[PDB]
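What follows is a single structure, written as structure tokens, with notes after it.
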Amino acid sequence: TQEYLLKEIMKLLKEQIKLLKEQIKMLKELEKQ
Amino acid sequence: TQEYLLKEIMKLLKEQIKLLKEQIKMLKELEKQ
Amino acid sequence: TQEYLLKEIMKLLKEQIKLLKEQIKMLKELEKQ
Amino acid sequence: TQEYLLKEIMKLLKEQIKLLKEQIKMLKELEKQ
Amino acid sequence: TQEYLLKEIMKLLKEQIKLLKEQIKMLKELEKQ
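Protein chains in written order, with our numbering: chain Y, -19 to 13; chain P, -19 to 13; chain L, -19 to 13; chain Z, -19 to 13; chain E, -19 to 13.
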């Protein structure tokens, strides 16, 4: 069960990484303005 | 208890993800401007 | 020890959440401008 | 080793906290402009 | 297996930190504007 949960945590962390990348992309758009 | 706590950690990560999404929404509002 | 450290981790994640909420509030201030 | 690795994870979380505080300071600088 | 997953989690956290640093770099660029 701990392995299962640690893998679930890894998925959540990956989701956060994806969101952070999206923020960066938005910041880039703001810089272009 | 360790499984229980890992599940509590997952809940917190989910909150953070929700908050990251809200940041993105706000950045999009800034970009409109 | 593991229970103790997982609870410490939960404390750090709650601090992060707090900070993310503060970031959202600052983005709303920028939006007002 | 489990204790050691959870402590390493805490160090990384603290580094994230430090960075989030830095972002907040920056947003405050943007708010002044 | 658990040690391996904790290490994989550490790699994700490091990646988040790298992204957070990129965000700060972008904010500094915005501050120059």
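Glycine residues also receive a C-beta, built at the ideal position from the N, C-alpha and C atoms.
For chain P, find out if any of its Cβ atoms is closer than 8 Å to the Cβ of residue i; answer yes or no.
{"i": "Y/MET6", "result": "yes"}
{"i": "L/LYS1", "result": "yes"}
{"i": "L/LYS12", "result": "no"}
8 Å is my cut-off, CB to CB: does residue i come that close to chain E?
{"i": "Z/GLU9", "result": "yes"}
{"i": "Z/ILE(-3)", "result": "no"}
{"i": "Z/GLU(-17)", "result": "no"}
Compute the Euclidean distance between the alpha carbons of residue i and residue j, then round it to the nearest angstrom.
{"i": "Z/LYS5", "j": "E/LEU7", "result": "10 Å"}
{"i": "E/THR(-19)", "j": "Y/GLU(-17)", "result": "7 Å"}
Can you round the beta-carbon distance between residue i and residue j to whole angstroms, since I take them to be within the 8 Å contact cut?
{"i": "L/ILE(-11)", "j": "Z/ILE(-11)", "result": "7 Å"}
{"i": "L/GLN3", "j": "Z/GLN3", "result": "6 Å"}
{"i": "Y/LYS(-6)", "j": "E/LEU(-8)", "result": "7 Å"}
{"i": "P/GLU9", "j": "Y/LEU10", "result": "About 11 Å separates the two Cβ atoms, so there is no contact after all."}
{"i": "Z/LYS1", "j": "L/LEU(-1)", "result": "7 Å"}
Would you please verify whether the beta carbon of residue i is less than 8 Å from any beta carbon of chain A?
{"i": "Z/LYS(-6)", "result": "Included in the structure are the protein chains Y, P, L, Z and E, with no chain A among them."}
Is there at least one Cβ from chain L nearer than 8 Å to residue i's Cβ?
{"i": "Z/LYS(-9)", "result": "no"}
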